[PDB]
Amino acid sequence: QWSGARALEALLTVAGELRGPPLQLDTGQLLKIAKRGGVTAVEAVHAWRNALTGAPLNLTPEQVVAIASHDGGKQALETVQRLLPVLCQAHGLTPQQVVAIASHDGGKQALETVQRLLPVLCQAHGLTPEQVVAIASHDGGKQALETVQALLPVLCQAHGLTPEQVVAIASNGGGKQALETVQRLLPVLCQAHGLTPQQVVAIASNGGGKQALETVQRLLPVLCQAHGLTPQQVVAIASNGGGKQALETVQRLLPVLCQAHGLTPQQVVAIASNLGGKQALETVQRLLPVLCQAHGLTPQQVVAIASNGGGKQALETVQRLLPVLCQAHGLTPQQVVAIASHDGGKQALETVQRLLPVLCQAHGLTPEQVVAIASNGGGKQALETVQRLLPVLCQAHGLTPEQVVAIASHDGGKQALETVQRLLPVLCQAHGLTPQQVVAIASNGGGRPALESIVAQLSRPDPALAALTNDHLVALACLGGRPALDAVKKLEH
């Protein structure tokens, strides 16, 4: 008999128990833990179900699943119940910060290293606790924290980096590797190739940073003489996760895409210059003639879809869904292109296929409004949030559907909608803002933090902003969101 059977049966038995109180986990949550944390993590959750949920830690089940669902999940669960009170009371961290550090492979190691190194990194190295938390909150967080402790001085003194830069480099998975590589390669890339430290940090500050830097050192000469790429173009391609893969693929496919399809080098660089750039390039090479065939999509439009993170997914999804979206739901191909041309274009396309009939018939939106909401990053999330919150926002809060659509139709739309639903009553009732003013603040990228900043200034007034009326604060918040409010505080004092 297959050996995994006994372990599988154990998994399934324990999993069934966890559907009961006090966690009541669903099928998804259960598979998620089993998939990454394994059967030991599933058993640890059950074993420590009571100690985690209520007094003293009071963790949500979502927080328990998030800690459990990684390699060493069992170890992280034990460690959190032990160290969460310590880190909150002895270092002044929030439970949310402790859970964030815990929620990665080897979270035990990160937690214990934070407990050990936070004081010396803050006192002897000048870091804030937030920076230590951010360094800790990735796979290998322990290695990154120890490497920041060791290398912060030589990186700032011998190599000219700021602590912000070092923290930025450290704050990715593999952070130790990127730090050690930047130490070695910063003089090489700057002096031999005329890169600024700022360009080097940008290349370093992603997962696999070590790989991208070494690949830039290796390929920059070939790319910038043979192919005729500029150093700036190479830096842009390198400055994303999978940067090594994107750079090697540009070397491969730049002449192929230009000659076989008449794409420009600038168009190829743009496609390469996203997360998954390698996948996007290879997919364009395969699919462009399939998409463009017989006055179909233009190359221009194919390039546009491809020129976002996960562009491969958007391209394949357009190939799948262009006909049904146009036949059944009556969209123009220009509209499908618009929806596809953002990060997560695949998710947005599939969500439009799924929710266009419902938002139209059940909620009285136009296809144009559904398209407008879908046509931003996180379009799927905004569409699902509009479906969920249109009734309470309209019926209980007095907003028109037009206003809801406007709030929804920006990056972060979901966050803006949920924040309006939350804070509209206190902003209007308690502080006298009009609904239209609240809608205006929320109808921008960064809607959520702009609303939260306003709420904070109205609830716990900072004298630095006191000279501004509510109307002036609204104007500032619409103009530049949270950053503008913060920028204004700094100007005052």
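Note that residue numbering begins at 1 and tracks the sequence as displayed.
Higher mean CA temperature factor between 289-297 and 104-112: 289-297, per the PDB entry. Higher average CA B factor: 323-331, of the stretches 211-219 and 323-331. Going by the entry's values, 258 shows the largest Cα B-factor out of 386, 258, 83, 170. Of the residues listed, 440, 47, 67, 34, the entry assigns the biggest Cα temperature factor to 47. Residue 451: CA B factor in the lowest third of modelled residues in this chain (values from the PDB entry). For residue 226, the recorded CA B-factor ranks within the highest third of the chain. Only modelled residues enter the ranking. Among all modelled residues in this chain, the alpha-carbon of residue 132 has a temperature factor (C-alpha) in the lowest third. When the modelled residues of the chain are ordered by C-alpha B-factor, residue 368 sits in the highest third. In this PDB entry, residue 205 carries a Cα temperature factor that places it within the lowest third of its chain's modelled residues.
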